Structure formats: C-alpha cells, structure tokens
Amino acid sequence: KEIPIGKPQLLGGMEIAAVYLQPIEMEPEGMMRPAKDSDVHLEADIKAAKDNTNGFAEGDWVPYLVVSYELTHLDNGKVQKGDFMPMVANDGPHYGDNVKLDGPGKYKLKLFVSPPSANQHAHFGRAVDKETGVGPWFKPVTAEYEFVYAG
Amino acid sequence: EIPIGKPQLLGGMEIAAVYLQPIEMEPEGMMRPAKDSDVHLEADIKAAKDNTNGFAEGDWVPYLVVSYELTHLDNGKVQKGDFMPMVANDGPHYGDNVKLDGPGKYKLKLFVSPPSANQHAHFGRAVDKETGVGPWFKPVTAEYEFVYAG
C-alpha cells in the first residue's frame, strides 16, 4: 500500500503530508510519466487545517493549488524536478506524480506549494467583499520530507 | 441568498442554483464588476452518494467546465456566459456576476461538463485495479426557472 514519508506539517492554513506508493496508471496517459516506466507514485495530501482563513472547512481537500517539487538523492546529489498534478483516485483527490527513482538510498522531497492565484492552467477566484469575502491567499510555502527508499 | 428552482441529481452529483448580491472577487478583471451587475449567479455542485469519480458524498466537485444560458422569458432576451471556480466564506463554488434585464421570469440552463480528458487535461483519473475510478460523467444540462423581483 502507501508509505508515509517525513512528518505532516501545518503551513498556510493547511496540513501538508506526503506519501508514496506503486506507480498509478493514469487517464489520459500523457498527463504524466507512464506507470510502466516509473518506480513510485509520489503524493501530497493537502487538507485545510482548523481556522483556515481562505474559506475551506477543516479536512477539506484544497483544490487548484500549484504544487511543485525537487527530489534529491542525498547519497549522490542527483536532483529531479517537476510538478504534481491534481487527480482523483478511489480514496479521493490528491496531488501526485509518477517518477523513476535513482536506486535505493536516502532521498529528500522538497515541496513548493503556491495558492490558486498562481495556477496557469486553470483560473480560480477569491471573494474579497465584506459579506462573502475571505482572507488573503497564503504566501507560498515549502516543506521537506526525508525518507529511505528500499526498492 | 435566493434558491433557484430545485436541486437535481445528475451525473452522480447534486446540482443546485442560487443567486445573491454581486460579489467582489480577485482577480477583479476576470469577472463583471460588482457595481455593473445585478446578481451573483452560483452553481452549487456536490458529489452524491456512491459517486463513481472518487468523491465522498457532499464533496465539492472541482475542475468542471460550467456554463449557463439565461432567458428573460417575458421578452425572449437570451444571455450566455461561463462560471468561474472561486472560494467565498462558505466554501468553493462556480459563480458569475450577471447583469439581468429587469424584473420578471427567467429560465436558467446550466451546462455541466467533466474536466478535459485529452491533451489539454489538468485533472487526471487513476484507472488501475488498486486505485482506479469510473469514467467521467457525460455532459449534463440542468434547467431552472425563477422570478426576479428587481
């Protein structure tokens, strides 16, 4: 099943956790690396925290985020980069990416999370009047997750 | 806020419509200014029970393509537009600020389509045997009527 990595972190009014699991076969296939050419599926689980100031109830998935990453193989310095895509699976939506790793050893996953105002595939608005408005979007946050990959 | 017509069970979702006063939004240039509008029109789209696209009952369904056609039935004036996804203090919704055509009876058609699933896709579907979900719903149309007081 899924392997949690690092520790969940409270940032920008959300709880940001990371896991990996087997590569996930995707439709359309061209959205991301094919599962058959990958080692793992990396996943960010991002939910609203209590007293989120952007209109999301505690435990809600936060959609339209821009989630990017740097994955470093600490044993030799190799860095691979990309974006997590939003997607739905049978346990709900998440942000993830199929990746080919660099062999067993110690890895550092660094996530960069920006609010929906930064999405350049899909515009997303925020109410700002007194009656229906919410607080300003969080400024971009980063979170790190270190783990040992076995194969 | 004033409910429009009745919620409808379509495509594995509950699709309701409401209007309220015009809303100020950021980025403001992406929606009709509140001062130039009569109402904010809102589509409330939530997953129903036993949803086949991975959503729990009551979840907001994101990344949909939602458009509308409004007809002032008194005089036949037709108006078309798109909703944009946005968040307000009661959560996310699909909305648009609209200038109407005066008091009277209106017909609202909501066109709800799934996320793109081709080379333009944002939002993917898992399809393997451990994590996969069913196919996206076929596009649906929901019809409502209401009387606008002015």
Side-chain angles (χ1 to χ4, degrees), chain A residues 9-18 31-32 43-69 82-88 92-97 111-129 132-143, chain B residues 23-32 34 40-47 53-55 59-67 82-97 112-116 120-124:
Chain A
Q9 289 160 65
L10 298 171
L11 296 162
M14 328 167 270
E15 181 155 303
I16 308 181
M31 266 207 36
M32 79 175 49
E43 164 171 346
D45 294 324
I46 300 178
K47 310 270 173 313
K50 202 63 227 79
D51 300 320
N52 181 273
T53 60
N54 297 144
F56 294 100
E58 201 194 352
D60 283 0
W61 190 56
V62 184
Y64 292 83
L65 298 180
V66 182
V67 180
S68 57
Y69 68 96
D83 297 329
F84 284 7
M85 296 288 111
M87 59 174 285
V88 74
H94 72 256
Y95 300 95
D97 197 29
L111 298 184
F112 305 76
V113 179
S114 289
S117 54
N119 202 308
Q120 287 293 289
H121 229 305
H123 306 301
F124 187 93
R126 183 180 61 90
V128 295
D129 59 45
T132 75
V134 298
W137 285 121
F138 60 92
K139 295 287 281 181
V141 298
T142 63
Chain B
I23 293 175
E24 290 281 357
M25 195 212 70
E26 295 296 341
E28 67 92 21
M30 224 93 84
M31 186 165 305
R32 186 176 183 94
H40 186 79
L41 181 74
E42 168 170 338
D44 291 318
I45 304 175
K46 303 308 180 45
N53 298 148
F55 297 102
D59 286 356
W60 189 57
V61 185
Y63 298 101
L64 303 184
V65 178
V66 189
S67 302
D82 293 322
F83 294 103
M84 86 159 321
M86 49 177 293
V87 72
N89 60 15
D90 57 347
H93 71 257
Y94 297 97
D96 199 26
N97 282 343
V112 181
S113 292
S116 167
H120 302 281
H122 310 155
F123 190 46

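In what follows, chains are A, B, ... by sequence order, proteins preceding strands, each numbered from 1.
The backbone N or O of A:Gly135 lies less than 3.5 Å from a partner atom in the side chain of A:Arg126, making a donor-acceptor pair. In this structure, the side chain of A:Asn54 engages the main chain of A:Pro136 through a donor-acceptor pair within 3.5 Å. Checked by atom type and distance alone, the side chain of B:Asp96 never pairs as donor or acceptor with a backbone atom of B:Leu41 at under 3.5 Å. A distance-only check finds a donor-acceptor pair linking the side chain of A:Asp60 to the backbone of A:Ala57 [under 3.5 Å]. A donor-acceptor pair is defined here as one N or O able to donate and one able to accept, closer than 3.5 Å; such a pair exists between the side chain of B:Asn97 and the backbone of B:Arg32. Side-chain N or O atoms of A:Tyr95 include one that pairs as donor or acceptor with a backbone N or O of A:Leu65 at under 3.5 Å.
Looking at residues two or more places apart in sequence or on another chain, you find a side chain to side chain contact (heavy atoms under 4.5 Å, CB included) between B:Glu24 and A:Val128, A:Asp129, B:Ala34. Partners of A:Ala118 according to the side chain to side chain contact (heavy atoms under 4.5 Å, CB included) rule, which considers only residues two or more places apart in sequence or in another chain, are A:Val66, A:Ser114. With sequence neighbours excluded, the residues forming a side chain to side chain contact (heavy atoms under 4.5 Å, CB included) with B:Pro114 are B:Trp136, B:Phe137, B:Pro139, listed by chain and number.
Residue-environment remark: NZ (A:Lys139) stays at or below the threshold of 12 foreign heavy atoms within 6.0 Å. The number of heavy atoms from other shown groups lying within 6.0 Å of NE2 (B:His122) is above 12.
A pairwise comparison of heavy atoms in B:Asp82 and B:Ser67 identifies OD1-OG, 2.6 Å as the closest pair. Taking both residues in full, the closest heavy atoms of A:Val113 and A:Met14 are given as CG1-CE, 4.3 Å, listed atom of the first, atom of the second, then distance.
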